[PDB]
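Structure, as structure tokens:
Number of protein chains: 2
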Amino acid sequence: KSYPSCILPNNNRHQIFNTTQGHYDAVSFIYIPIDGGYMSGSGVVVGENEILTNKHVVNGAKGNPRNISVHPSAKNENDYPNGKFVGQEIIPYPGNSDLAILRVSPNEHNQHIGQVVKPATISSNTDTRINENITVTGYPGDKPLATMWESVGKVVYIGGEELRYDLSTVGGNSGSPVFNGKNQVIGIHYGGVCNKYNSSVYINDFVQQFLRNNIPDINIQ
Amino acid sequence: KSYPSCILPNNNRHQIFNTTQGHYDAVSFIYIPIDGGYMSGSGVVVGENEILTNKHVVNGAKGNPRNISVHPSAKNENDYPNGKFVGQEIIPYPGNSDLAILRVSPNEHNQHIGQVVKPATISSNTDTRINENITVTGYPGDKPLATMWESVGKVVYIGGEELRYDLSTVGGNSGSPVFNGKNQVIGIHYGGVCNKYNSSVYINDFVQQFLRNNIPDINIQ
């Protein structure tokens, strides 16, 4: 058992039904069979064949990326509007943050994940500040499996590779994109300190280089 | 489900039976009831009423330290030579590392945790280097519940608040002390990247200040 992230006083969450509309389509559901059961998590499409998520999420594959299923725009357990893409290569962030790139294979129709949905825009994070209104959108495990939920709140802390917020998340949210009001990705949710705050990997200048060094078509605004 | 840390090519582990001997007595087993079941982890006694462990371990208490049971020197499920101490106050590291101090209450005999075992010695980490021989000792969840195991290996990376090693650990090891050859604590295990390495919070100068600011009798050698 585990409890990676926290229900906070601010528990303002609603389900996304039109999961392929707008910036939602790159939000991705992750499913990994392990020990006869499954682990699930979240991620975000950022390139032709790439998502971002947590190191501790891809770890569930026990070193083999082909154990990971990525469903971009998952709507529920029996509604994957874009099907699945199978993990191909795990590229951990060399720094100390809980961040990994997962490269995925094209699907059975030779479609690439970044063709069926719009890859997310990465923020340059030059305007990102404390008390900014943000959302964290992904697949919390206290809801029905593979339903997408947006959680609303504010940035309470920015420092180094860490950005913290006052909004609620639940095991399953691991790897969820953090969006600013312009729907750009400022961070990748990884955890929290209960019940004080939840935490994300802040996409600072050094993280951005890692993205640039590995994802040629990354879109940093 | 989760898989926080990794079996690596180096899987050199043995069970500690004399758990109160020497530097082993401060190694601690953590038990947290959650969602009708339980979460378990590891930690290390470092002061009269204090252990170190991970932020993501204490999170299992959902904000209430009294949900946490700490058994220093636990030997097996029916052998707690020092009984249990109940969580009293959670003090997260303000920095970005997966590190928390858990203050515990005295036991039913008014004994303090740092009186029944010798608090561990914290290394100054001025000699700690890559390729140094180390151990990580705690309660891996693939062994019988609350049995103590020492894992042997080498440091492969030191940077910022992160120290990585080539030795194997398993879910349950979260919060385990990392010992150098002088049996001083150089880090606190928190995770890994499968199957490349496992990771700990490196007790650098800034972490040491946090320890000093909160634990008056901390012993930094």
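Protein chains in written order, with the numbering used here: chain A, 1 to 221; chain B, 1 to 221.
Just so it is clear, CB atoms sit at the ideal spot from N, CA and C, and this is done for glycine as well.
Just measuring C-alpha positions, the residue of B:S123, B:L145, B:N183, B:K196 sitting nearest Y157 of chain B is B:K196.
Under the Cβ distance rule, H71 of chain A does not count among the residues neighbouring chain B, no pair being separated by less than 9 Å. Looking at A:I220, A:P216, A:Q208, the one whose alpha-carbon comes closest to that of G95 of chain A is A:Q208. Within its own chain, the residues whose Cβ lies closer than 7 Å to the Cβ of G187 of chain B, once the five positions on either side in sequence are excluded, are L163, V178, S200, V201, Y202, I203, listed in chain order. When DSSP states are grouped into helix, strand and coil, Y3 of chain B belongs to the coil group. Here the C-alpha atom of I90 of chain A lies approximately 26 Å from the C-alpha atom of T19 of chain A. Flagged as an interface residue toward chain A: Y3 of chain B, by a C-beta distance shorter than 9 Å. Among the residues of chain B, those whose CB is under 7 Å from the CB of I34 of chain A are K1, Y3, following chain order.
Comparing alpha-carbon positions, the option among B:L167, B:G138, B:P72 lying closest to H112 of chain B turns out to be B:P72. Counting the other Cβ atoms within 10 Å of the Cβ of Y3 of chain B gives 16 or more, which makes it buried. With at least 16 other beta carbons inside 10 angstroms of its own, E161 of chain B counts as buried. In chain A, no part has a C-beta under 9 Å from the C-beta of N214 of chain B; the shortest such distance is about 15 Å. Boundaries of the alpha helix (DSSP H) harbouring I113 of chain B: 113-116, taken from the DSSP string. Taking each of B:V58, B:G63, B:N54 in turn and checking the Cα distance to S97 of chain B, the smallest one comes out for B:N54. For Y202 of chain B, the secondary structure class from DSSP, reduced to helix, strand or coil, is strand. Distances from the alpha-carbon of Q88 of chain B to those of B:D79, B:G36, B:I68, B:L211 put B:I68 closest.
Looking at the backbone, the Cα of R13 of chain B and that of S151 of chain B are separated by about 4 Å.
Taking the Cβ atoms as the reference, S5 of chain B lies roughly 6 Å from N173 of chain B, within the contact range of under 8 Å. With respect to the 9 Å criterion, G191 of chain B and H109 of chain A are not classified as neighbours on the basis of their beta carbons.
Beta-bridge annotation (DSSP): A100 of chain A is paired with A:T53, A:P92.
Residues of the same chain with a CB within less than 8 Å of the CB of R66 of chain B, apart from the 5 flanking positions on each side, are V86, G87, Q88 in chain order. Between the alpha carbons of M39 of chain A and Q21 of chain A lies a gap of roughly 26 Å. By the 16-neighbour rule on beta-carbons within 10 angstroms, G36 of chain A is exposed. The beta carbon of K62 of chain B falls within 9 Å of a beta carbon belonging to chain A, placing the residue at that interface.
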